[PDB]
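**Student:** no sequence for this one, just the structure:
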């Protein structure tokens, strides 16, 4: 029963390293996209 | 066991992290301002 409690605890710890992974991937794709949107702003250089 | 049936109501998907939602853009003006600037310049 303790092992079950261990097991669940560790499973939650495994999720943490994987939340870090999901956020790493999700945040990163958006970061690339809104680096791409810098060209919206270069096309604002156009306004300039 | 979700059987989301109600003839009187509709259930909300109540698993949404309300704290990180309801901030997309549309912003037609993001580019129209530039179009219009050029037009004003014209």
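**Tutor:** Arrived safely, thanks for sending. Numbers count the residues shown, from 1 in each chain, chains lettered A, B, ... in the order given.
**Student:** spit out the contact partners of the closest residue to chain B within chain A.
**Tutor:** Distance from chain B to each residue of chain A (C-beta to the nearest C-beta) is smallest for residue A:47, at 5.5 Å. C-beta coordinates here come from the backbone N, C-alpha and C atoms, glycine included. Residue A:47 sits next to B:33, B:34, B:37 when contact means C-beta atoms under 8 Å, 6 or more residues apart in numbering or on different chains.
**Student:** from residue B:38, how far off is it?
**Tutor:** 9 Å (C-beta to C-beta, to the nearest Å).
**Student:** what strand or helix carries the most centrally placed residue in chain A?
**Tutor:** Ranked by distance to the mean C-alpha position of chain A (C-alpha atoms, centre = their mean), the top residue is residue A:23 at 2.0 Å. Assigned by DSSP states H and E, residue A:23 belongs to helix A:2-36.
**Student:** next, the buried residues of that helix.
**Tutor:** Within helix A:2-36, no residue is scored as buried using 16 or more other C-beta atoms under 10 Å in any protein chain shown.
**Student:** packing partners of the following helix or strand past it?
**Tutor:** Sequence order places helix A:38-45 as the next helix or strand after helix A:2-36, per DSSP H and E. Judged by 3 or more C-beta pairs under 8 Å, 6 or more residues apart in numbering or on different chains; DSSP states H and E, the packing partners of helix A:38-45 are helix B:29-41.
**Student:** the helix it packs on and chain A in contact?
**Tutor:** Yes - using C-beta under 8 Å from any C-beta of the partner chain, we find that helix B:29-41 touches chain A at B:30, B:31, B:33, B:34, B:37.
**Student:** coming back round to it: next, the angle from the helix holding residue A:23 to helix A:38-45.
**Tutor:** 20 degrees (axes from the mean of the first three to the mean of the last three C-alpha atoms, to 10 degrees).
**Student:** touching chain B at all, helix A:2-36?
**Tutor:** No - interface with chain B: helix A:2-36 contributes nothing (C-beta under 8 Å from any C-beta), its closest point being 11.0 Å away.
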